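Contents: one structure, followed by commentary.
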Amino acid sequence: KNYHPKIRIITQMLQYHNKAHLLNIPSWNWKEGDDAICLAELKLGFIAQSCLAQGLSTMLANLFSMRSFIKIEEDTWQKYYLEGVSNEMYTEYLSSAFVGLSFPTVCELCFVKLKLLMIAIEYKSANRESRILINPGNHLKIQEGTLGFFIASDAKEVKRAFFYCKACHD
Amino acid sequence: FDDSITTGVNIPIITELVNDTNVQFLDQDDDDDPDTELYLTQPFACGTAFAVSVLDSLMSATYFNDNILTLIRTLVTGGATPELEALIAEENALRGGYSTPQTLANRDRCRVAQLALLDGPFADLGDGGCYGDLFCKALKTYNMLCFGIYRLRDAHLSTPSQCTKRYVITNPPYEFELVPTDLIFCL
Amino acid sequence: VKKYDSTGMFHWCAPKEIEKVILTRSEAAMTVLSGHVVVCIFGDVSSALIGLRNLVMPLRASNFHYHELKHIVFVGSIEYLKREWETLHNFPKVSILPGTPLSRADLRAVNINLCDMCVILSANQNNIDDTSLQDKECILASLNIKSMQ
């Protein structure tokens, strides 16, 4: 960051207590892409979620890997599994048609119509303080400019949320 | 164990592994030569063996989409706002407050748990109903996302046994007939 | 009674045993420290002595008055400073705070915003692994203090 203080960097850490030192560098802006990956926070977090619902250590660890979609035919516990190993988290901006709708109406309109599962939104409370909200209830409505966190098998199908309107796509 | 094995093998455990070839040794039902890679094995597919090396693919996935490491950080640490991560960085461990009614709005964002299709108002759909009916009615009535089934290994009629090993399937379609032995990943 | 170290060239006191000068994070908060010196020692029980006799002694010269002498606070491991204290115990106005000089709790407990100098010393093993990766604990401590508010 001395040599070029605009570059995006991505760092693996080994402890959690000393990824606070990366805040002290003045060029380090995590809002621009400088995200450090802690390994003792995510390993002991995926295990701590499996104490709540067993399987989330491999529910999540298949959602960020480009898995080789081979097709098994005769087997039964591996055929149902490998159809669920090609699903990945993609982001796409919501279209203008969703504005004003509540969150549970949107996920219904994404899964019934688009055949996309939508897990979370990015609520613009502030442009410098934008929280990320997994599955809110009826308290929220979709703003123009909330980012849609999807789960899909293809990068093509996730673009169809930006093209949802009540004229021809519906 | 006493009856007053109870589960014995069916105690649910999870194991971190330093290596990845050692995933063969956790179960006695494996068919795994030492090049069947780590996502295909049974102890990883059932969710009982979390090696660290499946997080080496995360920084390739973080580079292509920036909001990918921030979606699994929250979901997983629970809280972990940077306003809270700074306060842990300041002096010590956590510090207590006196529960003002806006910090009590920080509660009840999302619980993460799984529940069964053996009782409740879902068993009428959880015996023969399509999964796409189950997902729509949970948001419509109870407002929770059904994002995965924790399928038992021998739900297919394969000489019914006491194998309680359940594997994980992620986001099944509007189709995909249920079995009453299933468990549902909800929020 | 009289403490001016018979040469007549530095300052002197009674030989303090080490427990009298130890502070904690709550004790040094009540101690008003201003215009003082915070020395950050990165040490170990096994690392070599840097000889803090040579640091305190020019700051205890007889050329200054006892109401002027700057209070010295060492921030480091006590397992290092148990070794050092035999060479320091006749000097006035010296406190030791246990704790690493990377926790900001220990740097706020000594009120580092009011100090006259924050000396950061690498008392550790030197030439451990590389050339440039030697003083990495001294760079992170200086980046730590320049980022506090």
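Residues are named by chain letter and number: chains run A, B, ... in the order of the structure tokens, numbers start at 1 in each chain, and ligands are numbered from 1 in the order shown.
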Residues of chain A within 6 Å of chain B, counting only C-alpha atoms - could you list those as a ChimeraX atom specification? /A:45,52-53,55,58,64-65,77,81,84,104
Using only C-alpha atoms, determine which residues of chain C fall within 7 Å of chain A; present them as a PyMOL selection string. chain C and resi 143-144+147
What does the file look like for those residues with N, CA, C and O atoms, as a PDB file, in the first residue's frame?
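The file below, again.pdb, is the result:
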ATOM      1  N   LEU C 143       2.467   1.954  14.237  1.00  0.00           N
ATOM      2  CA  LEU C 143       1.237   2.177  13.492  1.00  0.00           C
ATOM      3  C   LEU C 143       0.017   2.099  14.384  1.00  0.00           C
ATOM      4  O   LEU C 143      -1.015   2.680  14.044  1.00  0.00           O
ATOM      5  N   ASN C 144       0.112   1.388  15.506  1.00  0.00           N
ATOM      6  CA  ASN C 144      -1.007   1.303  16.433  1.00  0.00           C
ATOM      7  C   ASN C 144      -1.269   2.647  17.085  1.00  0.00           C
ATOM      8  O   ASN C 144      -2.413   3.103  17.143  1.00  0.00           O
ATOM      9  N   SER C 147      -2.715   5.554  15.072  1.00  0.00           N
ATOM     10  CA  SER C 147      -4.081   5.387  14.607  1.00  0.00           C
ATOM     11  C   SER C 147      -5.106   5.471  15.722  1.00  0.00           C
ATOM     12  O   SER C 147      -6.301   5.365  15.447  1.00  0.00           O
TER      13      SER C 147
END
With a distance threshold of 12 Å and counting only C-alpha atoms, extract the residues of chain C near chain B and express them as a VMD selection string. chain C and resid 25 99 to 109 144 to 145 147 to 149
Residue among A:135, A:105, A:62, A:125 lying closest to residue 152 (chain A), counting only C-alpha atoms: A:62
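If you measure from each of C:137, C:91, C:142, C:67 to residue 11 (chain C) using only C-alpha atoms, the closest one turns out to be C:91.
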Using only C-alpha atoms, which of the listed residues (C:26, C:95, C:47, C:7) sits closest to residue 122 (chain C)?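 Of all the options, C:47 lies closest to residue 122 (chain C).
Each of C:59, C:50, C:39, C:128 was compared to residue 92 (chain C) using only C-alpha atoms, and C:59 turns out to be the nearest.
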Any chance you could list, as a list in words, the residues in region 105-138 of chain C that come up strand (DSSP E or B) when DSSP is run on the backbone? residues 117, 118, 119, 120, 121 and 122 of chain C
Residues as selected, C-alpha atoms, written as a PDB file, in the first residue's frame, can you do that?
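Now in selection_20.pdb:
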ATOM      1  CA  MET C 117       8.135  10.330  24.281  1.00  0.00           C
ATOM      2  CA  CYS C 118       6.977   6.808  23.446  1.00  0.00           C
ATOM      3  CA  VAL C 119      10.178   4.795  23.178  1.00  0.00           C
ATOM      4  CA  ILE C 120       9.612   1.475  21.421  1.00  0.00           C
ATOM      5  CA  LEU C 121      12.434  -1.014  21.870  1.00  0.00           C
ATOM      6  CA  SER C 122      12.954  -4.387  20.215  1.00  0.00           C
TER       7      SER C 122
END
